[PDB]
Amino acid sequence: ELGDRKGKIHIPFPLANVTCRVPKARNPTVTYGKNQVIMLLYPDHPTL
Amino acid sequence: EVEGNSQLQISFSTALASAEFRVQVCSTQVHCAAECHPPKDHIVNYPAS
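If you check the header, you'll see the entry was determined by cryo-EM and the resolution is listed as 5 Å.

Right under this line is the structure:
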């Protein structure tokens, strides 16, 4: 015994843009050659 | 800066081994004779002309 009769209430925990803290990979052992570059990558965690 | 009877030291960049070039100081030109040698590195980390 009701059509589209409804109320509304404000909800906690909204989405907001914050700032995430990350780290920087450690420099790799770099050696130069004839038109080529060699890198010895030592990652602690999955690094792109 | 110039004064009278003196000299000047200049830095120059070239690609040729045998370089015969004219340098225009103020309004007068001078001929420079140079026999440049190859560098130790084949690949460089900065661009040039």
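Student: Any chance you could explain unusual backbone geometry here in plain terms?
Tutor: Residues apart from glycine generally show negative phi values, whereas peptide bonds are mostly found in trans. Positioned with a positive phi, A:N35 is a non-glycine residue whose angle comes to about 55 degrees. As for its placement among the helices and strands, A:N35 is situated in the loop between β1 (29-33) and β2 (36-40). Positioned with a positive phi, B:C26 is a non-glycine residue whose angle comes to about 65 degrees. Given a relative accessible area of 73%, B:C26 falls into the exposed group.

Student: Would you mind showing me how to read the pattern of salt bridges here?
Tutor: Between side chains of opposite charge, a pair can form as their charged atoms come close. All names here are of chain A. Per the counting criterion, the structure on display carries two salt bridges over all chains. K6 is the partner of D4 in a salt bridge, and the nearest nitrogen-oxygen pair spans 3.8 Å. Just as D4 is exposed, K6 falls in that class too. As a salt-bridge pair, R26 and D44 come within 3.6 Å of each other at their nearest N and O atoms. Residue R26 is located in the segment before β1, and its partner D44 is located in the segment after β2; the two are separated by 18 residues in the primary sequence. With a relative accessible area of 61%, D44 lands in the exposed category.

Conventions and cut-offs
- Residues numbered from 1 in each chain as written, not as in the entry; some residues may be left out.
- Chains lettered and ligands numbered in written order.
- Part of a larger assembly, values for the part shown.
- Heavy atoms only, no water.
- Helix = DSSP H or I, 4+ residues; strand = E, 2+ residues; numbered from the N terminus.
- Buried < 20%, exposed > 50% of the residue type's maximum accessible area, 1.4 Å probe, protein only.
- Salt bridge = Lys/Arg side-chain N within 4 Å of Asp/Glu carboxyl O.

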